[PDB]
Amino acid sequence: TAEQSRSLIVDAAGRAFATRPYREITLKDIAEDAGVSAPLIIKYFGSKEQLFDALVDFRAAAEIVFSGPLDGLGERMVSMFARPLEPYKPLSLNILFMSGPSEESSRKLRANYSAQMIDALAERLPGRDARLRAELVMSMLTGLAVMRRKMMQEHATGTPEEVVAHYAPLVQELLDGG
């Protein structure tokens, strides 16, 4: 029912917002990609703007990325960001890149990312400069995914475990503090 359709819609909307300029996207485009009709996107989400708001609520992402103890969190996060996924993931940064002169959509995304992603990590870190360190962790993780998935693509060297071996201890140093 809603479950299978909504997931198809969210999936299509994320792709759309992460790959095309905000100002170009219609609900009809999203519906066509989702294999649904536009009216039931309006039923479940109300408007394009509200659909966008759902896609820039980062609370679920933070629940996935920061799950579990700080011990070994570096390696768990790098594993996830080292997976060779689509060039438009993570959605956070890719939707941001597609904003352009859509200033309100960019503003909402950035405010939510700071509160729901960065601060969610910063709250958990021991020691001094927790906020700065959380920004640096997300710099490393998002920078890795964008570099590998978008800039390098097939040119990317090394397997995910090799990425983890080199990069996770560095992420873990930021998590641990000092």
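Don't overthink the numbering: it's just position in the shown sequence, from 1.
Comparing 166-174 with 11-19, the higher mean C-alpha B-factor in the PDB entry belongs to 11-19. Two stretches are in play, 36-44 and 112-120, and the higher mean C-alpha B-factor belongs to 36-44. Based on the entry's C-alpha B-factors, the most elevated value among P90, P84, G74, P101 belongs to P101. Listed residues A54, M147, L27, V137 were ranked by CA B-factor as deposited; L27 comes out on top. Annotation for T142: CA B-factor lies in the lowest third of the chain's modelled residues.
Among the modelled residues of its chain, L132 has a C-alpha B-factor that falls in the lowest third according to the deposited record.
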